[PDB]
Structure formats: C-alpha cells, structure tokens
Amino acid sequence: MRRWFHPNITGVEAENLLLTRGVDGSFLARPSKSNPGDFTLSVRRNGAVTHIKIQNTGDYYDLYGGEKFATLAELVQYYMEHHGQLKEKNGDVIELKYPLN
C-alpha cells in the first residue's frame, strides 16, 4: 500500500491511464487478474506499458526471484530507490520513477 497503489483498476485501464496521464517513468501497482489476491506493477517505458507480476508466496513478496520483502510497499520502494535493480528478463533496466495517483 502507498501513492502508486490503485486497489480497483484493471490492466487495461492501467495502461490507458499510463498512456494518457503518465509519462515515461510513471508506474502504479494494481490487483492481478491472473492471480486474484496478488498485485501487478504496470510501468510506462519506451513507447508502451510493461506489466510485472509480484509473487506473494504466502511468506513473502518478490518478483518471482530477486530480493524478498515482507510487505508489498517494501518491494516497490526498494526498486524505486535502488538504481539498476529492476531489469527485464533480457537485461533492459526498468525505471520506477513517477508514482501515479
């Protein structure tokens, strides 16, 4: 939970929101449709929107590998401040810069 978390937005709405009000760097966290109960990060980068699933194992949260965190907010806050730690599978850096709404 915090100023990027949208408790009631779909993936689609999220990428329309990011493509209309966001800028390159804008992100939010939302509920996951594939895994009800979990959250997803959506980020506007390059000329599109990237969606990253967040694993809640039942013990911790992570990005299906990488650093683990006790709450969802510690996850996001970490990747927002630690430069270069969020990367796609292919190695390109994902930037978590502007918390939307």
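Start at 1 and count along the sequence shown; that's the residue number.
Q: Mean C-alpha B factor from the entry: is it higher for 38-46 or for 56-64?
A: Result of the comparison: 56-64.
Q: Per the record, averaged over C-alpha atoms, which has the higher B-factor: 80-88 or 6-14?
A: It is 6-14 that shows the higher mean C-alpha B-factor.
Q: Taking the C-alpha B-factors as the PDB entry records them, is residue 19 in the lowest, middle or highest third of its chain?
A: Ranked within chain, residue 19 CA B lands in the lowest tercile.
Q: Among all modelled residues of this chain, ranked by Cα B factor, put residue 75 in the bottom, middle or top third, i.e. lowest, middle or highest.
A: According to the entry, residue 75 has a C-alpha B-factor in the chain's lowest third.
Q: Where does the C-alpha B-factor of residue 1 rank in its chain, lowest, middle or highest third?
A: According to the entry, residue 1 has a C-alpha B-factor in the chain's highest third.
Q: Within this chain, which third does the Cα B-factor at residue 94 fall in: lowest, middle or highest?
A: As the PDB entry reports it, the C-alpha B-factor of residue 94 lands in the lowest third of its chain.
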